>>> print(open('entry.cif').read())   # mmCIF, C-alpha atoms and all ligand atoms
data_entry
#
loop_
_atom_site.label_atom_id
_atom_site.label_comp_id
_atom_site.auth_asym_id
_atom_site.auth_seq_id
_atom_site.Cartn_x
_atom_site.Cartn_y
_atom_site.Cartn_z
CA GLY H 13 0.00 0.00 0.00
CA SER H 14 2.66 2.60 0.96
CA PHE H 15 6.46 2.22 1.01
CA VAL H 16 7.67 5.74 1.30
CA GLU H 17 11.32 4.79 1.85
CA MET H 18 11.43 3.15 -1.61
CA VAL H 19 9.71 5.88 -3.58
CA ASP H 20 12.14 7.62 -5.97
CA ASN H 21 14.95 5.02 -5.25
CA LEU H 22 15.85 4.85 -9.00
CA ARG H 23 18.08 7.18 -11.02
CA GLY H 24 19.64 7.29 -14.43
CA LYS H 25 20.48 9.35 -17.49
CA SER H 26 18.51 9.29 -20.69
CA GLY H 27 19.23 6.14 -22.69
CA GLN H 28 21.64 4.72 -20.09
CA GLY H 29 19.16 2.72 -18.00
CA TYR H 30 17.69 2.93 -14.51
CA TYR H 31 19.77 2.01 -11.47
CA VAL H 32 19.23 1.36 -7.74
CA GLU H 33 21.84 1.71 -4.97
CA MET H 34 22.92 -1.62 -3.39
CA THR H 35 25.56 -2.71 -0.94
CA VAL H 36 27.64 -5.84 -1.21
CA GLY H 37 30.05 -7.41 1.31
CA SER H 38 31.07 -6.80 4.91
CA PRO H 39 31.76 -4.02 5.58
CA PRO H 40 29.20 -2.77 2.98
CA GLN H 41 30.46 -1.55 -0.40
CA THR H 42 27.99 0.77 -2.13
CA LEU H 43 27.43 0.30 -5.86
CA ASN H 44 24.86 1.58 -8.37
CA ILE H 45 23.18 -1.34 -10.12
CA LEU H 46 21.09 -1.36 -13.32
CA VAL H 47 17.62 -2.82 -12.85
CA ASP H 48 16.95 -5.38 -15.58
CA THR H 49 13.76 -7.47 -15.79
CA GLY H 50 15.17 -8.99 -19.01
CA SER H 51 17.97 -11.08 -17.44
CA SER H 52 18.57 -13.13 -14.26
CA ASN H 53 22.20 -12.66 -13.12
CA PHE H 54 23.45 -10.28 -10.47
CA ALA H 55 26.82 -9.29 -12.01
CA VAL H 56 29.05 -6.45 -10.81
CA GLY H 57 32.29 -4.80 -12.05
CA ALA H 58 35.09 -6.22 -9.91
CA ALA H 59 38.13 -4.62 -11.59
CA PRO H 60 39.22 -1.01 -12.39
CA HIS H 61 37.73 -0.69 -15.85
CA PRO H 62 38.29 2.99 -16.84
CA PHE H 63 34.54 3.60 -17.36
CA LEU H 64 33.66 2.57 -13.73
CA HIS H 65 33.19 4.94 -10.81
CA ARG H 66 33.80 2.08 -8.41
CA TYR H 67 33.81 -1.72 -8.35
CA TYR H 68 33.38 -4.70 -6.01
CA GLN H 69 36.64 -5.41 -4.10
CA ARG H 70 36.22 -9.00 -2.88
CA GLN H 71 39.48 -8.74 -0.83
CA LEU H 72 37.82 -6.23 1.49
CA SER H 73 34.81 -8.46 2.34
CA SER H 74 34.89 -10.88 5.24
CA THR H 75 31.63 -12.54 4.14
CA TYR H 76 32.74 -13.24 0.57
CA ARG H 77 32.66 -16.93 -0.41
CA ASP H 78 34.20 -18.25 -3.64
CA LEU H 79 32.17 -20.73 -5.77
CA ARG H 80 35.37 -21.45 -7.71
CA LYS H 81 33.53 -21.36 -11.06
CA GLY H 82 33.62 -18.79 -13.88
CA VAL H 83 30.86 -17.82 -16.33
CA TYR H 84 31.15 -16.36 -19.88
CA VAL H 85 28.12 -14.41 -21.04
CA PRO H 86 27.87 -13.21 -24.62
CA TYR H 87 25.11 -10.89 -25.91
CA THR H 88 24.34 -9.68 -29.43
CA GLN H 89 26.13 -6.42 -28.75
CA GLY H 90 28.79 -7.36 -26.15
CA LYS H 91 29.86 -9.77 -23.46
CA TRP H 92 31.04 -10.15 -19.89
CA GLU H 93 32.95 -12.87 -18.14
CA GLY H 94 33.25 -13.32 -14.41
CA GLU H 95 33.99 -15.32 -11.32
CA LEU H 96 31.03 -16.64 -9.29
CA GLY H 97 30.78 -16.25 -5.52
CA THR H 98 28.29 -15.31 -2.82
CA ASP H 99 28.18 -12.47 -0.34
CA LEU H 100 25.83 -10.42 1.83
CA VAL H 101 23.68 -7.98 -0.16
CA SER H 102 21.29 -5.16 0.86
CA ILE H 103 19.25 -2.34 -0.76
CA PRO H 104 19.62 0.83 1.32
CA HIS H 105 16.33 2.28 0.00
CA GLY H 106 14.56 -1.06 0.00
CA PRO H 107 13.43 -3.54 2.59
CA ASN H 108 15.40 -3.57 5.80
CA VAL H 109 16.96 -6.95 5.23
CA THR H 110 20.33 -8.44 4.25
CA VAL H 111 20.63 -11.61 2.21
CA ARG H 112 23.29 -14.02 0.95
CA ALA H 113 23.19 -13.90 -2.82
CA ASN H 114 25.06 -15.16 -5.85
CA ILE H 115 27.30 -12.48 -7.36
CA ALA H 116 29.24 -12.74 -10.60
CA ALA H 117 32.41 -10.64 -10.23
CA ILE H 118 32.98 -9.25 -13.69
CA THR H 119 36.66 -9.50 -14.60
CA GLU H 120 36.49 -8.94 -18.37
CA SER H 121 33.92 -7.24 -20.65
CA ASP H 122 33.31 -5.74 -24.09
CA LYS H 123 30.61 -3.18 -24.93
CA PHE H 124 28.89 -3.95 -21.64
CA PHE H 125 29.63 -0.95 -19.44
CA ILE H 126 28.70 2.49 -20.82
CA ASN H 127 31.26 5.29 -20.97
CA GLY H 128 29.82 8.15 -18.97
CA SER H 129 27.17 6.13 -17.06
CA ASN H 130 26.89 6.07 -13.26
CA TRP H 131 26.26 2.31 -12.74
CA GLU H 132 28.70 -0.53 -12.42
CA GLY H 133 26.68 -3.74 -12.33
CA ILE H 134 23.34 -5.28 -13.32
CA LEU H 135 20.50 -6.81 -11.23
CA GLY H 136 18.77 -9.44 -13.35
CA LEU H 137 15.22 -9.71 -11.93
CA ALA H 138 13.92 -12.50 -14.24
CA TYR H 139 13.78 -16.20 -13.46
CA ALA H 140 16.40 -18.99 -12.99
CA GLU H 141 15.57 -20.59 -16.28
CA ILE H 142 17.65 -17.95 -18.09
CA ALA H 143 20.39 -17.56 -15.49
CA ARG H 144 23.98 -18.19 -16.68
CA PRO H 145 25.62 -20.66 -16.62
CA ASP H 146 22.42 -22.59 -15.77
CA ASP H 147 19.28 -22.59 -13.65
CA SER H 148 20.97 -23.80 -10.52
CA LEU H 149 22.44 -20.33 -10.04
CA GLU H 150 19.65 -18.84 -7.91
CA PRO H 151 18.74 -15.28 -8.98
CA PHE H 152 18.87 -12.43 -6.48
CA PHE H 153 15.12 -11.95 -6.02
CA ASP H 154 14.61 -15.72 -5.43
CA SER H 155 17.26 -15.57 -2.65
CA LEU H 156 15.62 -12.47 -1.21
CA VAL H 157 12.23 -14.13 -0.97
CA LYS H 158 13.58 -17.50 0.28
CA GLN H 159 15.63 -15.87 3.07
CA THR H 160 13.27 -13.19 4.35
CA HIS H 161 9.56 -12.40 4.74
CA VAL H 162 9.57 -10.06 1.75
CA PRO H 163 6.48 -10.85 -0.36
CA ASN H 164 7.19 -12.43 -3.77
CA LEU H 165 6.56 -9.37 -5.93
CA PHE H 166 8.04 -6.03 -6.95
CA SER H 167 6.80 -3.08 -8.95
CA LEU H 168 8.47 -0.52 -11.22
CA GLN H 169 7.53 3.10 -11.94
CA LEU H 170 10.00 4.33 -14.61
CA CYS H 171 9.55 8.12 -15.02
CA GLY H 172 11.83 9.18 -17.82
CA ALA H 173 12.76 12.85 -17.94
CA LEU H 183 21.88 14.05 -20.77
CA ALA H 184 18.79 14.71 -18.66
CA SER H 185 18.42 12.76 -15.45
CA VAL H 186 15.68 10.16 -15.16
CA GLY H 187 14.14 8.75 -12.01
CA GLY H 188 11.61 6.21 -10.82
CA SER H 189 10.68 3.82 -8.10
CA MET H 190 11.28 0.18 -7.47
CA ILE H 191 8.93 -1.09 -4.79
CA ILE H 192 10.29 -4.30 -3.40
CA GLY H 193 7.74 -6.66 -1.84
CA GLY H 194 4.64 -4.59 -2.69
CA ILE H 195 2.72 -1.86 -4.40
CA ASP H 196 2.48 1.88 -3.63
CA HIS H 197 -0.91 3.11 -4.74
CA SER H 198 0.40 6.70 -4.97
CA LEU H 199 2.42 5.76 -8.02
CA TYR H 200 -0.62 5.10 -10.26
CA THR H 201 -4.16 6.25 -11.11
CA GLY H 202 -7.17 4.11 -12.02
CA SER H 203 -7.11 0.34 -11.62
CA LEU H 204 -4.37 -2.24 -12.13
CA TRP H 205 -5.14 -4.74 -14.94
CA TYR H 206 -3.32 -8.06 -14.99
CA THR H 207 -2.00 -10.24 -17.77
CA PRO H 208 -0.71 -13.81 -17.09
CA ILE H 209 3.03 -14.60 -17.08
CA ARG H 210 2.96 -17.29 -19.74
CA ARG H 211 6.14 -19.03 -18.54
CA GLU H 212 8.65 -18.17 -15.81
CA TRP H 213 11.87 -17.51 -17.73
CA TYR H 214 11.69 -13.96 -19.13
CA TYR H 215 8.58 -12.07 -17.97
CA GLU H 216 6.74 -13.47 -20.99
CA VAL H 217 3.24 -12.16 -21.83
CA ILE H 218 0.82 -12.56 -24.80
CA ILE H 219 -0.34 -9.65 -27.02
CA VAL H 220 -3.72 -10.40 -28.59
CA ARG H 221 -4.40 -7.30 -30.68
CA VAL H 222 -2.58 -4.23 -31.88
CA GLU H 223 -4.22 -0.97 -32.87
CA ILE H 224 -2.71 2.19 -34.38
CA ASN H 225 -4.96 5.14 -33.60
CA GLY H 226 -7.83 2.75 -32.99
CA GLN H 227 -7.28 0.83 -36.20
CA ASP H 228 -6.54 -2.83 -35.87
CA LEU H 229 -3.44 -4.13 -37.77
CA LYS H 230 -5.39 -7.31 -38.54
CA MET H 231 -2.46 -9.71 -38.37
CA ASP H 232 -2.70 -13.29 -37.21
CA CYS H 233 -2.12 -12.42 -33.53
CA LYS H 234 0.49 -15.21 -33.33
CA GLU H 235 2.77 -12.86 -35.28
CA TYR H 236 2.73 -10.39 -32.32
CA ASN H 237 4.37 -13.01 -30.15
CA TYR H 238 6.81 -14.63 -32.63
CA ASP H 239 8.71 -16.14 -30.95
CA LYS H 240 7.88 -14.49 -27.57
CA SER H 241 6.77 -11.17 -26.07
CA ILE H 242 8.46 -9.89 -22.87
CA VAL H 243 8.46 -6.97 -20.46
CA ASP H 244 12.09 -5.71 -20.17
CA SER H 245 13.37 -2.71 -18.12
CA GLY H 246 16.86 -3.36 -19.65
CA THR H 247 15.77 -2.50 -23.24
CA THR H 248 15.02 1.05 -24.29
CA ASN H 249 12.88 0.48 -27.44
CA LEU H 250 9.63 -1.23 -28.23
CA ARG H 251 11.06 -4.00 -30.29
CA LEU H 252 8.63 -5.82 -32.78
CA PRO H 253 8.90 -8.98 -34.82
CA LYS H 254 9.90 -8.12 -38.38
CA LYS H 255 6.58 -8.93 -40.00
CA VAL H 256 4.79 -6.91 -37.37
CA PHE H 257 7.23 -4.03 -37.48
CA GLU H 258 6.62 -3.80 -41.25
CA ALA H 259 2.83 -3.48 -40.76
CA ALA H 260 3.08 -1.11 -37.79
CA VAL H 261 5.39 1.26 -39.63
CA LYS H 262 3.17 1.07 -42.75
CA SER H 263 0.22 2.20 -40.65
CA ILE H 264 2.15 4.81 -38.64
CA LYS H 265 3.53 6.31 -41.84
CA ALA H 266 -0.06 6.63 -43.10
CA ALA H 267 -1.45 8.29 -39.94
CA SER H 268 1.40 10.81 -40.06
CA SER H 269 1.44 11.43 -43.79
CA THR H 270 0.72 15.20 -43.45
CA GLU H 271 4.53 15.31 -43.00
CA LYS H 272 7.10 13.14 -44.77
CA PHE H 273 10.21 11.53 -43.38
CA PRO H 274 13.17 9.61 -44.82
CA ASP H 275 12.98 5.81 -44.88
CA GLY H 276 16.11 5.85 -42.70
CA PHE H 277 14.27 7.65 -39.93
CA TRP H 278 11.72 4.79 -39.63
CA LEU H 279 14.62 2.35 -39.68
CA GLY H 280 16.40 4.12 -36.77
CA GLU H 281 19.30 4.99 -39.16
CA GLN H 282 18.84 8.79 -38.95
CA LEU H 283 17.34 11.19 -36.51
CA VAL H 284 14.65 13.71 -37.26
CA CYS H 285 14.73 17.27 -35.95
CA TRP H 286 12.26 20.11 -35.39
CA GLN H 287 12.73 23.70 -34.21
CA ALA H 288 12.87 23.79 -30.39
CA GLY H 289 9.21 23.75 -29.32
CA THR H 290 7.61 22.84 -32.67
CA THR H 291 7.33 19.04 -32.44
CA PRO H 292 4.12 17.89 -34.18
CA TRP H 293 2.94 15.34 -31.52
CA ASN H 294 -0.63 15.35 -32.90
CA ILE H 295 0.42 14.08 -36.36
CA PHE H 296 1.61 10.85 -34.73
CA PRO H 297 -0.90 8.10 -33.76
CA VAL H 298 -1.27 6.36 -30.43
CA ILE H 299 -0.39 2.71 -30.19
CA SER H 300 -2.54 0.23 -28.26
CA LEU H 301 -1.53 -3.24 -27.24
CA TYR H 302 -4.31 -5.55 -26.06
CA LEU H 303 -2.96 -8.02 -23.59
CA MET H 304 -4.43 -11.37 -22.55
CA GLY H 305 -6.53 -10.87 -19.40
CA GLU H 306 -7.12 -12.97 -16.29
CA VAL H 307 -10.40 -14.52 -17.46
CA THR H 308 -11.40 -16.65 -20.44
CA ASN H 309 -12.07 -14.53 -23.51
CA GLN H 310 -11.25 -11.29 -21.58
CA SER H 311 -8.49 -8.79 -22.51
CA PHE H 312 -7.49 -5.24 -21.64
CA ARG H 313 -5.59 -2.62 -23.55
CA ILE H 314 -2.64 -0.37 -22.80
CA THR H 315 -2.18 2.81 -24.91
CA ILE H 316 1.08 4.84 -25.40
CA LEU H 317 1.78 8.19 -26.99
CA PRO H 318 4.27 9.52 -29.50
CA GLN H 319 5.88 11.06 -26.37
CA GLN H 320 6.92 7.50 -25.55
CA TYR H 321 8.08 6.15 -28.88
CA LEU H 322 9.63 9.35 -30.26
CA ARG H 323 12.64 9.82 -28.04
CA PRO H 324 14.71 13.05 -27.62
CA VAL H 325 18.39 12.62 -28.43
CA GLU H 326 20.29 15.06 -26.27
CA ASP H 327 23.99 14.53 -27.20
CA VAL H 328 23.86 15.77 -30.81
CA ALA H 329 26.77 18.27 -30.94
CA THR H 330 26.28 18.92 -34.68
CA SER H 331 22.69 20.17 -34.20
CA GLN H 332 20.96 22.94 -32.18
CA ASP H 333 17.32 21.86 -32.76
CA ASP H 334 15.17 19.21 -31.05
CA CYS H 335 16.14 15.86 -32.57
CA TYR H 336 14.36 12.56 -31.99
CA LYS H 337 14.94 8.86 -32.61
CA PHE H 338 12.19 6.52 -33.77
CA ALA H 339 12.25 4.06 -30.91
CA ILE H 340 10.28 1.13 -32.39
CA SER H 341 12.46 -1.42 -34.12
CA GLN H 342 12.54 -4.87 -35.53
CA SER H 343 13.54 -7.95 -33.62
CA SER H 344 14.26 -11.56 -34.33
CA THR H 345 13.74 -12.51 -30.73
CA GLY H 346 10.08 -11.45 -30.37
CA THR H 347 8.35 -8.39 -29.03
CA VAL H 348 10.21 -6.47 -26.27
CA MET H 349 8.24 -4.06 -24.20
CA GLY H 350 11.09 -1.82 -23.04
CA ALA H 351 11.14 1.66 -21.66
CA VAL H 352 8.95 3.00 -24.53
CA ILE H 353 6.11 0.92 -22.99
CA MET H 354 7.03 0.88 -19.26
CA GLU H 355 7.42 4.62 -18.92
CA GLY H 356 3.66 5.04 -19.52
CA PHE H 357 2.72 2.72 -16.69
CA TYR H 358 3.17 1.47 -13.19
CA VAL H 359 4.13 -2.14 -13.74
CA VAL H 360 3.60 -4.81 -11.08
CA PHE H 361 5.67 -8.03 -11.35
CA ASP H 362 3.33 -10.21 -9.25
CA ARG H 363 5.47 -13.29 -9.19
CA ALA H 364 3.43 -14.97 -6.41
CA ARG H 365 0.39 -15.03 -8.74
CA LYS H 366 2.24 -15.42 -11.97
CA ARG H 367 0.89 -12.22 -13.48
CA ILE H 368 1.94 -8.70 -14.50
CA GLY H 369 -0.18 -5.67 -13.61
CA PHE H 370 -0.38 -2.40 -15.57
CA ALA H 371 -1.88 0.89 -14.41
CA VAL H 372 -1.52 4.42 -15.72
CA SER H 373 1.65 5.90 -14.19
CA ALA H 374 1.15 8.99 -12.02
CA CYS H 375 4.41 10.34 -13.57
CA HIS H 376 4.08 9.60 -17.28
CA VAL H 377 4.75 12.30 -19.92
CA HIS H 378 1.71 13.48 -21.85
CA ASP H 379 0.10 16.58 -23.37
CA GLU H 380 -3.20 18.44 -23.04
CA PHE H 381 -5.05 16.27 -25.65
CA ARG H 382 -3.99 12.64 -25.08
CA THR H 383 -2.82 10.59 -22.05
CA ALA H 384 -1.54 7.04 -21.62
CA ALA H 385 -4.40 4.68 -20.73
CA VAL H 386 -5.19 1.20 -19.37
CA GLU H 387 -8.74 0.08 -20.18
CA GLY H 388 -10.94 -3.01 -19.97
CA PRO H 389 -12.55 -5.41 -20.04
CA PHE H 390 -12.73 -6.24 -23.76
CA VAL H 391 -14.07 -9.42 -25.38
CA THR H 392 -11.30 -11.17 -27.34
CA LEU H 393 -11.70 -14.73 -28.58
CA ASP H 394 -9.07 -17.42 -29.37
CA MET H 395 -6.39 -15.65 -27.24
CA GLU H 396 -4.60 -18.96 -26.55
CA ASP H 397 -3.88 -19.22 -30.30
CA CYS H 398 -1.84 -16.04 -30.04
CA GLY H 399 1.00 -17.74 -28.15
CA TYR H 400 3.89 -19.15 -30.18
CA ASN H 401 5.01 -22.72 -29.52
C1 LIG H 501 21.79 -8.13 -19.97
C2 LIG H 501 21.18 -7.17 -20.98
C3 LIG H 501 21.85 -5.81 -20.91
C4 LIG H 501 21.10 -4.64 -20.72
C5 LIG H 501 21.71 -3.40 -20.60
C6 LIG H 501 20.91 -2.14 -20.39
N1 LIG H 501 20.72 -1.50 -21.70
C7 LIG H 501 20.35 -0.07 -21.65
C8 LIG H 501 18.99 0.25 -21.12
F1 LIG H 501 18.80 -0.23 -19.89
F2 LIG H 501 18.78 1.54 -21.04
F3 LIG H 501 18.02 -0.24 -21.90
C9 LIG H 501 21.48 0.83 -21.24
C10 LIG H 501 20.95 0.85 -22.66
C11 LIG H 501 23.09 -3.34 -20.66
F4 LIG H 501 23.68 -2.13 -20.49
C12 LIG H 501 23.87 -4.44 -20.86
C13 LIG H 501 23.23 -5.65 -20.99
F5 LIG H 501 24.00 -6.74 -21.26
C14 LIG H 501 21.35 -7.72 -22.41
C15 LIG H 501 20.70 -6.84 -23.47
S1 LIG H 501 18.87 -6.71 -23.22
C16 LIG H 501 18.80 -6.86 -21.47
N2 LIG H 501 17.53 -6.77 -21.01
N3 LIG H 501 19.74 -7.05 -20.66
#
>>> encode(input="entry.cif", output="structure tokens")
Amino acid sequence: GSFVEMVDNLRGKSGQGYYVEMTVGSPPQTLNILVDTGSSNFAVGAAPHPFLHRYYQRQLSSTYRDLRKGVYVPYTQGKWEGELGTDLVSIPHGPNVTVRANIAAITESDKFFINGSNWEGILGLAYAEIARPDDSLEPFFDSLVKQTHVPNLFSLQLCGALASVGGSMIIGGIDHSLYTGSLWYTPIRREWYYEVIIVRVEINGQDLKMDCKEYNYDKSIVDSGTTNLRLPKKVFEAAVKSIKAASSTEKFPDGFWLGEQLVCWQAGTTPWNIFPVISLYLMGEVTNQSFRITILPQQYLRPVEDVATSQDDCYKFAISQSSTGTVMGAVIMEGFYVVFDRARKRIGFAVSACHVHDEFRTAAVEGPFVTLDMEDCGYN
């Protein structure tokens, strides 16, 4: 209901992610840690990489235990390698508890840390099934719940605005001051990523009319560690086609839609109203029942601040194609208060009390709707 100590416990800079302060070891070493619902390892810089403000110094911790096992973790765009151990962990602006958790001490990386960012590790909040090297490495939140009385759920309010960003991570509950209206829940299809099922997509109220299975090819997930709304290729093609149409009073280079060039307007003259809203219908809690979440151009047209060769307002098209399914990143989550109700295997959405909107349109969460054959939307 109300967890005042945890409100506003997230920080970041635009495009560089949201982080929470944590301590690791005895005595406690403070580190800023990126909050990532799209992975399941707790991995921290443990060596003086030049990009890092600080790093985990295992030699200073009396409660450090070595698992004597390494882990090599490649991504599409980078990689880290580290040494597994366990140690005492806490969240200063979180529950008043200390737990023994797995920690991967990162000892080598490439294109992982960000030059100029203020975080030096990652907190993977997803499930053991996708932990590296395998699912016997218990994720942080699983340890937290097993070792304490913290309820098995957490919620994220990501507020957006290099400008500073902020938000809240409520550990073990929900703060009803962070949202308006009602929460609506969609089932977690499988506990690996936070996988959900999209059953309908509308641009400005007009249905895309695809076989809904396409929306979830090969999965759809909710991911605080991804900035864009990523869409499967076939779906991205139809969504762009329809967004181009709704916004055809102005024209834009093909490269802009492909995220290959920015687009700029005179400071203060961005044509929000020429861009359509985007609605995702999600599978609901009941047979044949769905609800819809709606986002604005304010969410999927993102300011790019660090353009030294321009003085105008420049923006990046932040919807993009994927070959790993739909990814509801920050473009989606910044419109909503999102509740990761692990105990009940469901994800709640409500309109965020802090989301960015204008005088004509606001983000919305609405239901119930009648949607048939929603089980056919899932990819097997
Ligand atoms: C672990 C990973 C990851 C995320 C970020 C966070 N990416 C950001 C974001 F959080 F803002 F999205 C900084 C740009 C990294 F920095 C490094 C990673 F390996 C892999 C890529 S997608 C994901 N959910 N998690």
>>> atom_distance(input="entry.cif", atom1="CA of residue 86 (chain H)", atom2="CA of residue 367 (chain H)")
29.2 Å
>>> atom_distance(input="entry.cif", atom1="CA of residue 159 (chain H)", atom2="CA of residue 112 (chain H)")
8.2 Å
>>> residues_near_ligand(input="entry.cif", ligand="ligand LIG 501 (chain H)", cutoff="8 Å", atoms="all atoms listed in the file", output="mmCIF file with C-alpha atoms, in the coordinates of the input")
data_model
loop_
_atom_site.group_PDB
_atom_site.id
_atom_site.type_symbol
_atom_site.label_atom_id
_atom_site.label_comp_id
_atom_site.auth_asym_id
_atom_site.auth_seq_id
_atom_site.Cartn_x
_atom_site.Cartn_y
_atom_site.Cartn_z
ATOM 1 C CA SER H 26 18.510 9.290 -20.690
ATOM 2 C CA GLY H 27 19.230 6.140 -22.690
ATOM 3 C CA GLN H 28 21.640 4.720 -20.090
ATOM 4 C CA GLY H 29 19.160 2.720 -18.000
ATOM 5 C CA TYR H 30 17.690 2.930 -14.510
ATOM 6 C CA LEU H 46 21.090 -1.360 -13.320
ATOM 7 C CA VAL H 47 17.620 -2.820 -12.850
ATOM 8 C CA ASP H 48 16.950 -5.380 -15.580
ATOM 9 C CA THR H 49 13.760 -7.470 -15.790
ATOM 10 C CA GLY H 50 15.170 -8.990 -19.010
ATOM 11 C CA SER H 51 17.970 -11.080 -17.440
ATOM 12 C CA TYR H 87 25.110 -10.890 -25.910
ATOM 13 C CA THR H 88 24.340 -9.680 -29.430
ATOM 14 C CA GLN H 89 26.130 -6.420 -28.750
ATOM 15 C CA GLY H 90 28.790 -7.360 -26.150
ATOM 16 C CA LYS H 91 29.860 -9.770 -23.460
ATOM 17 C CA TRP H 92 31.040 -10.150 -19.890
ATOM 18 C CA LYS H 123 30.610 -3.180 -24.930
ATOM 19 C CA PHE H 124 28.890 -3.950 -21.640
ATOM 20 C CA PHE H 125 29.630 -0.950 -19.440
ATOM 21 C CA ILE H 126 28.700 2.490 -20.820
ATOM 22 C CA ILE H 134 23.340 -5.280 -13.320
ATOM 23 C CA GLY H 136 18.770 -9.440 -13.350
ATOM 24 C CA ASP H 244 12.090 -5.710 -20.170
ATOM 25 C CA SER H 245 13.370 -2.710 -18.120
ATOM 26 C CA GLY H 246 16.860 -3.360 -19.650
ATOM 27 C CA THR H 247 15.770 -2.500 -23.240
ATOM 28 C CA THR H 248 15.020 1.050 -24.290
ATOM 29 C CA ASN H 249 12.880 0.480 -27.440
ATOM 30 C CA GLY H 350 11.090 -1.820 -23.040
ATOM 31 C CA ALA H 351 11.140 1.660 -21.660
#
>>> closest_residue(input="entry.cif", among="H:344, H:330, H:373, H:98", to="residue 200 (chain H)", atoms="only C-alpha atoms")
H:373
>>> closest_residue(input="entry.cif", among="H:65, H:210, H:363, H:144", to="residue 83 (chain H)", atoms="all atoms listed in the file")
H:144
>>> residues_near_point(input="entry.cif", point="(27.9, -9.6, 2.9)", cutoff="6 Å", atoms="all atoms listed in the file", output="list in words")
residues 36, 37, 38, 75, 99, 100 and 101 of chain H
>>> atom_distance(input="entry.cif", atom1="CA of residue 187 (chain H)", atom2="CA of residue 348 (chain H)")
21.2 Å
>>> closest_residue(input="entry.cif", among="H:69, H:287, H:102, H:237", to="residue 333 (chain H)", atoms="all atoms listed in the file")
H:287
>>> closest_residue(input="entry.cif", among="H:191, H:223, H:341, H:310", to="residue 163 (chain H)", atoms="all atoms listed in the file")
H:191
>>> residues_around(input="entry.cif", residues="residue 343 (chain H)", least_positions_apart="5", cutoff="10 Å", atoms="all atoms listed in the file", output="number ranges by chain")
H: 238-239, 250-257, 348
>>> closest_residue(input="entry.cif", among="H:53, H:74, H:331, H:189", to="residue 24 (chain H)", atoms="only C-alpha atoms")
H:189
>>> closest_residue(input="entry.cif", among="H:169, H:392, H:52, H:282", to="residue 141 (chain H)", atoms="only C-alpha atoms")
H:52
>>> residues_near_point(input="entry.cif", point="(8.2, 8.6, -26.3)", cutoff="12 Å", atoms="all atoms listed in the file", output="ChimeraX atom specification")
/H:26-27,171-173,248-250,293,296-299,315-325,336-340,350-356,376-379,383-384
